[PDB]
Each structure stands twice: as C-alpha cells, then as structure tokens.
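As a starting point, one isolated chain is supplied in structure tokens, in the form deposited in one PDB entry.
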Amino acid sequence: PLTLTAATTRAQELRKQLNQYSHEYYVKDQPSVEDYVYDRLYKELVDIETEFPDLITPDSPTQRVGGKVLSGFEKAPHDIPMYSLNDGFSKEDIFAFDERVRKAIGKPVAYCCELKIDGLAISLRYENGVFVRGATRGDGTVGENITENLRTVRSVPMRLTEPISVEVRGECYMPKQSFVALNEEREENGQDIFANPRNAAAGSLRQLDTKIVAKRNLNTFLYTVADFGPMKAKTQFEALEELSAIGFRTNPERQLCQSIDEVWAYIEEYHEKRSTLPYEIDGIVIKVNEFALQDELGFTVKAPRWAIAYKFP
C-alpha cells in the first residue's frame, strides 16, 4: 500500500499541479486542461489526505471548501490606511480634476484608467508568499479579519510562486450570474433576496460559516499594495502588471492614457460597454500613473489627490 513517506511526496506534487490548473482556471480565466484531468488528480489528493490527514496543508486545493465556523470576526487594523476616493460625475469634473493635477505638478500627466468594481474592498497580507490575513476595509484604519472566508475564494492564492511578503488590496465581488443564481436559491428557500451584487458579496463575506461562503462563488480583482517596498513597479500600470505576475487576478480592461482626452474616451467606451461585462461596475477610476507624481500630490484626509472616481448615473 501507499506509505506515508510516498504519500508525503506525492501530496506536494498534486498540490503544485492542481494549484497551477486552478491558477489558470480561476485567475487567468483560461484553463489548459479539461475538467476531468483536474478532477482525477483532485480525487487522488483527497484520497491521500483522507488516509493521512496530517498531510493536509493550508495551500491544498481541497481546503477551498471551507469548514471552520467562527464565533465572530477579530478586528483587523490597517497600519497603512485604506483611503476612499473623491468622486466625479461629469465631463467637467474630470477635466477639472486634470486641471488641478496639472496645476500642482506643472506638466501634462499620464493616467492609468481602471473599471470601478462594485464589491467589498479587501486587503490580503502575504508573508514569505503565504496567505496570512484577509481583511475588509471597514472604516479605513480598522476592518474585520475575514481570513478564513477568503481562503474559500477560488481566485485568492494561498501560496504565491515567489516567497514575497506583501499586502495587496482590491475588490471581492459576486459575478452577475452568481448573483442571479444566489437570489433564486434564496427565493426557493423563502429568504429575502439581495438587492444587488454588492450587498450579496458583503453579506456573503459576513457569514461565520466558511462552508457557506465557499458556495457563494465570489471572485476578485486586485489593483494595489499597502507598501510598495517589496514591489519593483514605479507606476500604477506597472503595479497592475506586477500583481498579475506574482499570481493575483487583475482586471484586463485597464488602460494607460497619455492625455485627459484619451481618459474621457475610455470613460465613454466603457460606459456604453457597461452591461456587456460579467460583473457590475459603478464607474471608472482615474489615477495619476507615476508614483513619484502621486507622492507629490499626496492625500487629503479622506482620499488621494491623485485619483478620482467617475461615478455612473
């Protein structure tokens, strides 16, 4: 029979192979192998872990189903604050924002444009490549420690390929179809439906039973880090590419605009494409691309002066 010695080694092989397939399937939204290939290897791993429960590790794909049930969430401080964003609602506000930026910097500036995802803001801390803390934004300086729930979100890596220590921030949301499916299930069980995917994601992440959260099919998009110390990026667009390179799911609709006019074109392009996406967006976020310039602009008490969120009506 398969010995513990042989299983210990085989278990790691399976975790690596299965995690790579999951990265392709959930993070790149582009699987390489047919589902049956993954399922077969997954079953082999489950059999090994069942025979030797000591070989179960936090980065094993079998742990995505959750199991822990908490009494409540511990406070999760953000020593590096999670700021909000100033809002814009008209072409005027956007060009005015550009005027203020040029006034302060003294030259034209490039802008990294991204879609504003309507979900729950999250901060993911990794130490030596290992996922150690998942937290909600809360009030900006203190959120809720929802690490166990986030372990079930399939697109969240449990172990990065490189043992880097960083804290990434983004949005955890519920895709349109998943939101539709969930409300139908609630109607079937006589429960109150969620008013929108935003509330569905928030309500899901507030669940104390991780097994329930694991079935809610939440997804993620990461767009920044709390401390750029371990990162090599010097611009926001570079940061998005680097986040992708280290293993996080990033939104593919971002664009680097060299002028405010290009920025407005972007806003118009995605405004008309708004309902064609598998997820809901409440606008567009415009950020001064160069970190050196973001630094020069600084932050107000509530948000950075180097970014503005154009909110859809």
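Each residue number is its position in the shown sequence, starting from 1.
Undergrad: Averaging C-alpha B-factors over each stretch, which comes out higher, 85 to 93 or 109 to 117?
TA: For C-alpha atoms only, the mean B-factor is higher in 85 to 93.
Undergrad: I need to verify one thing: averaged over C-alpha atoms only, is the B-factor higher for 180 to 188 or for 142 to 150?
TA: The entry gives the higher C-alpha B-factor average to 180 to 188.
Undergrad: Could you tell me which one of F248, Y26, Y266, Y42 shows the highest CA temperature factor in the PDB record?
TA: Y266 has the highest C-alpha B-factor of those listed.
Undergrad: For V132, does the deposited CA B-factor place it in the lowest, middle or highest third of the chain?
TA: Within its chain, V132 is a lowest-third residue by C-alpha B-factor, going by the deposited values.
Undergrad: Looking at the temperature factor on the CA atom of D59, which third of the chain's modelled residues does it land in?
TA: For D59, whose C-alpha B-factor we compare with every modelled residue in the chain, the answer is the lowest third.
Undergrad: Looking at the entry's B-factor column for C-alpha atoms only, identify whether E171 ranks in the lowest, middle or highest third of its chain.
TA: Lowest third of the chain for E171's C-alpha B-factor.
Undergrad: Considering only modelled residues of the same chain, in which third does the CA B-factor of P157 rank: lowest, middle or highest?
TA: Answer is lowest: the recorded C-alpha B-factor places it there.
Undergrad: Taking only the Cα B-factors deposited for this chain, tell me whether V213 sits in the lowest, middle or highest third.
TA: Lowest third - that is where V213 ends up once the chain's C-alpha B-factors are sorted.
What comes next is about the form deposited in another entry, which does not appear here.
Undergrad: State the hinge position among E99, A181, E268, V65 for the rotation of one rigid part relative to another between the shown form and the other one.
TA: This hinge corresponds to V65.
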